[PDB]
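Colleague:
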Amino acid sequence: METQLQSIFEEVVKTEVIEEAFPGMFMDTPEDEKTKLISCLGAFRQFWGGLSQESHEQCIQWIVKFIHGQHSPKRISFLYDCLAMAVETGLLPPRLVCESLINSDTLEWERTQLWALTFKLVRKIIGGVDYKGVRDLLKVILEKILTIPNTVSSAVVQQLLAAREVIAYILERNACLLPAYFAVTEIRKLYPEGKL
Amino acid sequence: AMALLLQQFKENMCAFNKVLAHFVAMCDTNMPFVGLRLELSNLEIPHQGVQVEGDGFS
Amino acid sequence: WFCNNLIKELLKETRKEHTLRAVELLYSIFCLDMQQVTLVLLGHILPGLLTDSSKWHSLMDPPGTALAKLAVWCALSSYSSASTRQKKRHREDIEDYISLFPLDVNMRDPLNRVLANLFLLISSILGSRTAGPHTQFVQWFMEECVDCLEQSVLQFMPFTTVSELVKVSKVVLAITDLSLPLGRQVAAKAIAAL
Amino acid sequence: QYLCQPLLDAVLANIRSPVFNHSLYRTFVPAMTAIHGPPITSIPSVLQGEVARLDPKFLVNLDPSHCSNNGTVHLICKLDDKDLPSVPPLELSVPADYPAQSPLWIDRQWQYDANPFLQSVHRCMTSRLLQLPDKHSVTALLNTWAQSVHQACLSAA
Amino acid sequence: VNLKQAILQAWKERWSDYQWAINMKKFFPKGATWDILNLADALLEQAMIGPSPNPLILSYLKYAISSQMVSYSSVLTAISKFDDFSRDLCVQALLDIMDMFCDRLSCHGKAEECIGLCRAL
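These protein sequence lines map, in sequence, to chains A, B, C, D and E. Take 1 as the starting number for the first sequence in full-length UniProt numbering and just add one per residue. The second sequence maps to residues 583 to 594, 634 to 679 in full-length UniProt numbering. The third sequence maps to residues 743 to 823, 828 to 850, 891 to 937, 942 to 959, 965 to 989 in full-length UniProt numbering. The fourth sequence maps to residues 615 to 655, 673 to 788 in full-length UniProt numbering. Take 4 as the starting number for the fifth sequence in full-length UniProt numbering and just add one per residue.
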């Protein structure tokens, strides 16, 4: 079953070996981003509609560990666009994706492009979570931000700051994702009185 | 023996058929570099890819 | 001793409300001898907090924004320009500010020397690697230099800061430049290429 | 092993004594010194290597904007070739620790609109980018860019 | 030889914009960033002769802006020197050309080019 999803997603992003010898002579434009996304979304929709409810989440953990196992950032952003349209079309419940994205232990701050693209996608898809899920996401995002040192490199700081926009979006009072009392309760549980 | 893959090439006294001679020469001079690229990548020596070098004919 | 201990007692506050109140009080307390206090503050306390690698965990956002506000208020009020003990003691005092700040208008007036040295330090911090809380501090210092001014303390800013400040993230250019004919060239370079 | 074992047992028995090399000296140096006589009579340079070897089509220069002399570096290239048309300049973000990882192409979708031809350039370029192997160089990106421009010339006409 | 003759040959034999770019390169070995040779001026003169602009030479100018052949400063000056104003169609074409590069307006060059962009704005 994870073999099925393995064959699907690996057959999505295969790379051509014999190209760069006789470059561009093969008669075939490789599916550009939109057609490839539509085909990927269709095949994953087949596997998802086939899938059972209780098996709904271990496959998503496999998806996110397969995305975080990648190395090319274009590949990662393509599969994140796939996950974004898979949430946007209504196929996926928009809480499992966010939780398995953040609680993935491959998400460390040293993987700065993965950090930036991940928290960009969570900023995209957090608007649909119910408020208790937003509260638990707030807690795990704060605990993810808490692992950064006092000093980091001067180039990675802007890609690290992508979590700050998710935090600013959750604690924004006009957006009203959750009651603000819950937000200050989670914060003051993590930063009690006297802690910067 | 098994087939593995197939790709079609792009389109673009006449008894020579210059295009086929060109494709055969192109495969036979380019495809030695593909095995070298794989054997370099298995020992993780960073390299720019197989490139045309300076003039066109190399 | 006075200015250092009061700033230590600032920097161990953790609340936003108390830090802003402490700064609004400490300005008036430093108005006993504003000029000498600004020389100590922008010359000895702030370079020691920005240069020491162990110290800048004290420069976090709650006390740090307040401290940057107090430094820029002190700089402006000392530039634009008082008790009898303080008159006697500054008449007593001998120091060579040319020797203290060698630096790589008059520029023999010590406050211009302290300000030039501080802005060299700020450009060096913004230009370096290892961004931390001290970089947030010099960002805040330049932002309240922009906001607090009417137009000049920023006459002493090196023109490389114009480039670097938007490398580290409009009006913070167009105010900081002081608008000389060469100053437009650095302005138009930075504003168009944001 | 054979014919040499009791030496090995003695020396492996007597390791971690602080007077060990004293014992070896006292037991071995007079014999040897009697027989043998007395003793004896800013930018990481990988990127400079890439840029120094590029074809004169490309005209790679550093961005006036962006952080400089720090971890990652940023490039604005160009393209000069009579066969190829003038195209948007292209922006590259090379990480520090450049080999063992792949550089990133800063995407500017807005300038690759407003023409059909630049749209074809952009579609073909994203396609060849997806086709690329991992941990590719800068020159792989620049050559996929030039091949993308050439395909978008041919597909159009 | 002249830029007017090259643009006019580009109109005579129907050249698409990229073929115009290639043949414009070939006609002139020194690029001179194309602003010393005043590409925007010649293209605007021979585009704005009729009551409505011919879409060929407007396509040439829109390619020469979207591809970075011509700086925004020379375009904004050549737009500034048009007036006439009795024709709404040429004015709407000029406002679409301004709609292309405005809000972007980013010179990446010498500071004299940035001062030129200031005066052009």
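Backbone N, C-alpha and C fix where the C-beta goes; we use that ideal spot for every residue, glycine too.
(1) Please report the distance separating the alpha-carbon of C/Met802 from that of C/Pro919.
(2) Going by DSSP, which residues form a beta bridge with D/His705?
(3) Name, please, each residue of chain B whose Cβ falls closer than 9 Å to the Cβ of residue 669 of chain D.
(4) Can you pull the DSSP bridge partners for D/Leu693?
(5) By a C-beta neighbour count over all protein chains shown, 10 Å radius and 16 as the cutoff for buried, is A/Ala86 buried or exposed?
(6) Can a CB atom of chain B be found closer than 9 Å to the CB of D/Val769?
(7) Output yes if chain C places a C-beta closer than 9 Å to the C-beta of D/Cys698; else output no.
(8) Within the continuous beta strand (DSSP E) that includes D/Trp741, where are the two ends?
(9) Evaluate contact between the stretch 703 to 712 of chain D and the stretch 723 to 733 of chain D, counting only Cβ atoms and requiring at least three cross-stretch pairs below 8 Å.
(10) Taking 9 Å as the cut-off, decide whether the C-beta atoms of A/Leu146 and A/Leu196 are in contact.
(11) Smallest Cα separation from D/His697: which of C/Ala808, C/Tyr843, C/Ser914 and C/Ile749?
(12) Since C/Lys965 meets chain E, which of its residues come closer than 9 Å, beta carbon to beta carbon?
(13) Is there a Cβ from chain B that is less than 9 Å from the Cβ of D/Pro730?
(14) Closer than 7 Å between beta carbons: that is the criterion. Which residues of the stretch 795 to 811 of chain C meet it against chain A?
(15) Counting only beta-carbon separations shorter than 9 Å, does A/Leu196 have a partner in chain C?
(16) With 7 Å as the limit, tell me which residues of the stretch 52 to 67 of chain A have their beta carbon closer than that to any beta carbon of chain D; keep them in chain order.
(17) Just how far apart, CA to CA, sit C/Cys745 and B/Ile666?
(18) Determine the extent of the alpha helix (DSSP H) in which E/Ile68 is found, giving its start and end residues.
(19) On a CA-only basis, which of C/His799, C/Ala983, C/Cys934 and C/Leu906 is nearest C/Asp850? Give me that one, please.
(20) What does D/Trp736 pair with, by DSSP beta-bridge criteria?
(21) Given that D/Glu681 touches chain B, what residues does it touch there, using C-beta distances under 8 Å?
(22) Keeping to the same chain, check which residues put their C-beta closer than 8 Å to that of B/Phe644; ignore five residues upstream and five downstream.
(23) Against chain B, which members of the stretch 20 to 39 of chain A pass a CB distance test of less than 9 Å?
(24) For A/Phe26, which of helix, strand or coil comes out of DSSP?
(25) Mind checking who A/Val152 pairs with in its DSSP beta bridge?
(26) State buried or exposed for D/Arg640, treating a residue as buried only when at least 16 other CB atoms are found within 10 Å of its CB.
(27) Along the stretch 103 to 120 of chain A, where does the CB come closer than 9 Å to a CB of chain C? Name the residues.
(28) Among E/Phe104, E/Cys110, E/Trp18 and E/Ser77, which residue has its Cα nearest to the Cα of E/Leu47?
(29) Counting Cβ pairs closer than 8 Å, one from the stretch 108 to 118 of chain E and one from the stretch 66 to 85 of chain E, do we hit at least three?
(30) Taking Cβ-Cβ distances shorter than 7 Å, what residues in chain A pair up with D/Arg754?
(31) With 9 Å as the threshold, decide whether the Cβ of B/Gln672 is near any Cβ in chain D.
(32) Count the other CB atoms within 10 Å of the CB of residue 671 of chain D; is the residue buried (16 or more) or exposed (fewer)?
(33) Taking the straight line between their C-alpha atoms, what separation do you get for A/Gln46 and A/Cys40?
(34) Should A/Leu121 be labelled buried (16 or more other beta-carbon atoms within 10 Å of its own) or exposed?
(35) Could you check if A/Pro192 is buried or exposed, using at least 16 other CB atoms within 10 Å of its CB as the buried criterion?
(36) Quick one: which residues of the stretch 142 to 159 of chain A get their C-beta closer than 7 Å to a C-beta of chain C? List them in chain order.
Modeller: Working from what's here:
(1) 6 Å
(2) D/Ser724
(3) Coordinates for residue 669 of chain D are absent, as chain D skips straight from 655 to 673.
(4) D/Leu706
(5) buried
(6) yes
(7) Among the residues facing chain C, D/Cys698 is included, as its CB has a counterpart in that chain under 9 Å away.
(8) Note, D/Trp741: premise wrong, no beta strand (DSSP E); not H, not E.
(9) yes
(10) no
(11) C/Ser914
(12) Simply none; closest approach about 13 Å.
(13) yes
(14) Residues of the stretch 795 to 811 of chain C whose Cβ lies closer than 7 Å to any Cβ of chain A, in chain order: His799, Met802 and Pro804.
(15) Interface residue, yes.
(16) none
(17) 59 Å
(18) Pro58 to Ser69
(19) C/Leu906
(20) D/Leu723
(21) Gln669
(22) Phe591
(23) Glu20, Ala21, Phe22, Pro23, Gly24, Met25, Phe26, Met27 and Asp28
(24) Here A/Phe26 sits in strand by DSSP.
(25) Per DSSP, C/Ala917.
(26) Around the beta carbon of D/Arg640, fewer than 16 other beta carbons sit within 10 angstroms, so the residue counts as exposed.
(27) Flagged: no residues at all.
(28) E/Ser77
(29) yes
(30) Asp32
(31) yes
(32) Missing from the coordinates: residue 671 of chain D, inside the break in chain D from 655 to 673.
(33) 10 Å
(34) buried
(35) exposed
(36) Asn150, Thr151, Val152, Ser153, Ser154 and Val157
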